[PDB]
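A single chain, nothing else alongside it, follows as structure tokens in the form deposited in one PDB entry.
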């Protein structure tokens, strides 16, 4: 087992990783910005290294500071969490070349599957259905862009190849808006991701977002761990996730899961990852592979019993897969509500001091957050401050449980989306299940 690791992240995921480390007796190094000294996991970590001032560009994206932190503490591995450098092939490469284990896929796999244009190309090559699109980067020729749009059929969406969290995405309904949309998306993607490559994809009218969790050891064994439905979204970012996906039958589950496990073996995938699909009229269409842990991984944990972070760590230690496919069993249902520090109605950021906090508790309730009363939410990072996950023997119980937990959850001093999450749980169509990716913004 890994002796010591740097947790190259912050907030809830850094604490999630710290806990898994502690259970496995792995020493922890928390690297943090000067704004994050009072993070719960920083205070719990065995060692801490300040890697720069508050802006992410100067700290959490500071590759040489993070790699140096591993050297100064004698760590043997680095866990990137999600976001930040986790899908950055350059970082993965540099980690390995400095003598450290990168807790994730090989750098070449991150280039293959992390970049969204080449992932689509790879999946098409593999015989995995994708969404019709430009099948390559858009150039500057507007006649050519219009011609691609016409071939696939309006509406379309301009998507950043390096995009994440729904940033760098713009829907286009017709020719008149195409140029300014491609131009704006490029500018957003260049700013957020230092990568102005965009592609075009057909905008699907009625799909659900359904994704399959995979685990592969890099030795040729791969498994799938059921699926998740993450169709409740705002600004193309997930708000609620659940597992398993409602209406997905065992026959269909195994069909898509086997395809994902096979895809892992073929490309030589290593570690945890997720294949994300649009599910429409009984068919799955590949949109993205996250070559990293998923934010919403706890719902899969609840319904399978598998600890996905521990599996990541075991795999990084060069352990083969312990779990066989036949040993994976879906039991019950879990729902996750993201908790974000933003106005529940205007959706504008609400950083600042949390004056009162109370987490919910009870049978089947899991709270995933670094926040505490007295803690200051900084302005510099993403608004997601916590995750509430409720498990039940069935979906009705899980939702009932969530409804009650959200009523017990207190976060005062800043604005949150807790009241929005309450509204979603009370929604007749969410209760029905199988609402499409456009539903939440329709409702709102």
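Positions refer to the first chain, counted from 1. Superpose the two forms; the largest set of C-alphas matching within 1.5 Å is the rigid core.
Another form exists, deposited in another entry; not displayed. Remarks below refer to it.
Shift analysis on the rigid core between this form and the one not shown singles out 202 from 338, 333, 202, 270 (C-alpha displacement of 2 Å or more). Compared with the form shown here, the C-alpha atoms of residue 279 and residue 151 sit at least 3 Å closer together in the other entry.
Whereas the displayed form keeps them at a certain spacing, the CA atoms of residue 86 and residue 133 lie at least 3 angstroms farther apart in the other entry.
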